[PDB]
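A short write-up of the structure that comes next.
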Amino acid sequence: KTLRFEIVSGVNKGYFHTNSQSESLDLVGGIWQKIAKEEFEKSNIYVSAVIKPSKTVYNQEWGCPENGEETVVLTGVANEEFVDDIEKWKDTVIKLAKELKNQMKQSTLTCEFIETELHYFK
Amino acid sequence: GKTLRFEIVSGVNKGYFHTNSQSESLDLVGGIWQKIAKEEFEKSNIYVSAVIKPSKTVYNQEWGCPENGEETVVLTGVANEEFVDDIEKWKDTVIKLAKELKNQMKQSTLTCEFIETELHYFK
Amino acid sequence: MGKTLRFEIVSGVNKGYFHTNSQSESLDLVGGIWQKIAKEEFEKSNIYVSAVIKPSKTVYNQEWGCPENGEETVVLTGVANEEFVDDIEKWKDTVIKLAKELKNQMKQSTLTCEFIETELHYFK
Ligand SMILES: Nc1ncnc2c1ncn2[C@@H]1O[C@H](COP(=O)(O)O[C@H]2[C@@H](O)[C@H](n3cnc4c(N)ncnc43)O[C@@H]2CSCC[C@H](N)C(=O)O)[C@@H](O)[C@H]1O
Ligand SMILES: Nc1ncnc2c1ncn2[C@@H]1O[C@H](COP(=O)(O)O[C@H]2[C@@H](O)[C@H](n3cnc4c(N)ncnc43)O[C@@H]2CSCC[C@H](N)C(=O)O)[C@@H](O)[C@H]1O
Ligand SMILES: Nc1ncnc2c1ncn2[C@@H]1O[C@H](COP(=O)(O)O[C@H]2[C@@H](O)[C@H](n3cnc4c(N)ncnc43)O[C@@H]2CSCC[C@H](N)C(=O)O)[C@@H](O)[C@H]1O
């Protein structure tokens, strides 16, 4: 019994001068790789992430483009093989989510935790 | 955990909407969601935003599935306490939107799930 | 209620073995492999485990072998629908069996398979 996280971030096409969904995915992947490595150096907690392309739909009156905004969804699980303290991991995820929000220049960002039963095959 | 998230899975109906990419499929469903979400928001004052992911759904070829799977879209969203006073009314709104999305996409079936989640909202 | 379980599996696509060259092509690769192992299991036990599959990249430390910006992966998910499932525990055992078959067939060294509580509303 453990936790997974899910983060939803915009890609900020204009600030990063990207022009394809795959460039935005490679952008966020590289940014996560850098900040997860830094946090691992500090705390020995490495937060790996599975990143998926997406579009997020909300009201055009509140800033959404027609048909939605390009986004990345990042998800990962606390693996007991690597994580001894679920609370420290969860605090680490929250720090990383805030740092991703800052580096991606996002005005808002969601970070969820969901209970999950992990079967790890090695 | 302290709120709910939903997940809906829908086909993209290339036979009816005559689309031919992952982009035009996300654009189609996203534009449709944006319209039905706004319509429900006007009626109920509950706006349900959605995160839309490209996918394929794999099932038995003898039940209609193409080889390697049917093109689909996965829609997710979370009830944010800053926007949602009443989680049961939000749940009923999501279900109403799911049935409406099924109708607009001309889907024979459609799944809608609710999962408990703990939301941290940074603004 | 509709109280049930969903599974989530994360698999690499093993470009060194299958040599796919795009995300759409590795999605079709994993989709075909799942289709065939789900079919075999359905013929034997009458439990068909469908899967939604999503393209993705998985980010971990390059020190441990991750490519820059992430490794190409596929996420597979599915949910036990009480209209088809007679025994949720047998469904769960079947998912685990299929996940291990997928691991073997994709020649993955490691693979995660999660179960998450969910409430399914099924419209037909
Ligand atoms: N459901 C809502 N009800 C009422 N008001 C809303 C709602 N959504 C947005 N608003 C209003 O719109 C304005 C923007 O608010 P945001 O919170 O940034 O609005 C959100 C949500 O609508 C939606 N969204 C984000 N994460 C999720 C998720 N996990 N699931 C589903 N939808 C998601 O996408 C928007 C952010 S879009 C990506 C972030 C953006 N590039 C940035 O720089 O901030 C603000 O004025 C809000 O009051
Ligand atoms: N698991 C099963 N076991 C036994 N019989 C099944 C099963 N699935 C389908 N059938 C048979 O096929 C008939 C059609 O059933 P459907 O429910 O439409 O079968 C489903 C599921 O097999 C699969 N699927 C849908 N949602 C999900 C999800 N969230 N996770 C995993 N898989 C998903 O994909 C199919 C729908 S595919 C997209 C919808 C379709 N374009 C349409 O217009 O209806 C049904 O009446 C049964 O006879
Ligand atoms: N988080 C970590 N903390 C510490 N050490 C780690 C961590 N991850 C990997 N390592 C080290 O690297 C070695 C390999 O470990 P793996 O378990 O294979 O490392 C994992 C995880 O880091 C990550 N990953 C996989 N599934 C998930 C998921 N659901 N959510 C988030 N991330 C996921 O991706 C890697 C697998 S990449 C795909 C599988 C691979 N092609 C293969 O053939 O095995 C391991 O022995 C450790 O020494």
Side-chain angles (χ1 to χ4, degrees), chain A residues 1-7 9 16 18 20-41 44-55 72-83 93 96 100 112-122, chain C residues 5-13 21-24 26-27 52-77 88-89 92-118:
Chain A
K1 181 56 63 175
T2 189
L3 294 175
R4 58 146 60 188
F5 74 86
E6 185 165 297
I7 295 166
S9 178
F16 292 101
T18 59
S20 83
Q21 171 252 279
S22 55
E23 288 179 359
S24 301
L25 198 67
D26 294 339
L27 164 68
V28 176
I31 293 194
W32 188 265
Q33 210 164 42
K34 176 190 66 185
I35 65 172
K37 175 180 190 54
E38 171 172 351
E39 180 62 31
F40 172 66
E41 193 278 344
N44 286 336
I45 303 176
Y46 192 98
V47 186
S48 57
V50 181
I51 66 185
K52 297 161 273 195
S54 55
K55 299 180 81 165
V72 169
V73 175
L74 306 87
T75 72
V77 65
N79 191 329
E80 297 92 337
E81 181 120 354
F82 311 131
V83 176
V93 174
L96 284 170
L100 186 69
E112 298 165 62
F113 297 98
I114 298 172
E115 292 172 34
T116 186
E117 181 179 285
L118 174 59
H119 300 241
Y120 180 53
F121 307 120
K122 63 175 187 291
Chain C
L5 291 175
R6 69 190 274 113
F7 69 85
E8 310 217 10
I9 298 166
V10 177
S11 183
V13 304
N21 63 62
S22 73
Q23 293 209 98
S24 57
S26 66
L27 200 61
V52 175
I53 63 176
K54 298 187 282 295
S56 62
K57 286 167 93 70
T58 296
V59 179
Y60 61 104
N61 200 333
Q62 296 188 63
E63 283 175 47
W64 311 326
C66 190
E68 295 175 32
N69 304 325
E71 187 178 314
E72 180 163 347
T73 49
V74 172
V75 179
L76 307 89
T77 62
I88 185 54
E89 258 308 331
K92 188 178 179 190
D93 289 339
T94 305
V95 170
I96 291 178
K97 169 178 182 72
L98 289 174
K100 288 194 255 204
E101 287 177 3
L102 182 67
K103 183 185 177 299
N104 181 57
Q105 290 209 23
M106 299 299 295
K107 294 190 185 297
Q108 299 294 292
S109 302
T110 72
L111 177 136
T112 61
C113 178
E114 294 163 71
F115 296 93
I116 296 169
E117 174 178 339
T118 188

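The figures that follow rest on heavy atoms only: side chains count, while hydrogens, waters and symmetry mates do not. Residue numbering restarts at 1 for every chain, and letters A, B, ... go by the order of the sequence lines.
- Neither the backbone nor the side chain of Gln108(C) comes within less than 4.5 Å of any heavy atom of chain A.
- By the side-chain contact (heavy atoms from CB on, under 4.5 Å) test, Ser20(A) is found to be paired with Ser22(A), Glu23(A), residues two or more places apart in sequence or in another chain being considered.
- At a threshold of 4.5 Å between non-hydrogen side-chain atoms, the residues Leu74(A) and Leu100(A) count as touching.
- Surrounding CD of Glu68(C) are at most 12 heavy atoms belonging to other residues, nucleotides or ligands under 6.0 Å away.
- With a 4.5 Å cut-off on side-chain heavy atoms, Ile9(C) and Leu111(C) count as touching.
- The distance from atom NZ of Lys37(A) to atom CG of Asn61(C), rounded to the nearest 0.5 Å, is 4.5 Å.
- For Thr112(C), the parts lying near chain A are the backbone and the side chain together; criterion is any non-hydrogen pair under 4.5 Å.
- In this view, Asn69(C) and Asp26(A) satisfy the side-chain contact (heavy atoms from CB on, under 4.5 Å) rule, not counting sequence neighbours.
- Only the side chain of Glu63(C) comes within less than 4.5 Å of a heavy atom of chain A; its backbone N, CA, C and O stay farther away.
- Proximity to chain C at a heavy-atom threshold of 4.5 Å picks out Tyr46(A), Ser48(A), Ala49(A), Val50(A), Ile51(A), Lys52(A), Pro53(A) from residues 46-55 of chain A, in numerical order.
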May I have the list of side-chain donor-acceptor pairs in residues 112-122 of chain A shorter than 3.5 Å, sequence neighbours left out?
unit_1    : atom_1 : unit_2    : atom_2 : d
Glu112(A) : OE1    : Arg5(B)   : NH1    : 2.8
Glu112(A) : OE1    : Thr117(B) : OG1    : 2.9
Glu112(A) : OE2    : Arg5(B)   : NH1    : 3.0
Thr116(A) : OG1    : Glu114(C) : OE1    : 2.9
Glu117(A) : OE2    : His119(A) : NE2    : 2.8
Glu117(A) : OE2    : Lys92(C)  : NZ     : 2.9
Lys122(A) : NZ     : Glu81(A)  : OE1    : 3.2

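- For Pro67(C) against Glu71(C), the heavy-atom pair with the smallest separation is CD-CB, 3.8 Å.
- Ranked by heavy-atom pairs shorter than 4.5 Å toward chain A, the options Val59(C), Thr58(C), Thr73(C) are led by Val59(C).
- Ranked by heavy-atom pairs under 4.5 Å with chain A, the first of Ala99(C), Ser109(C), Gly70(C) is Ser109(C).
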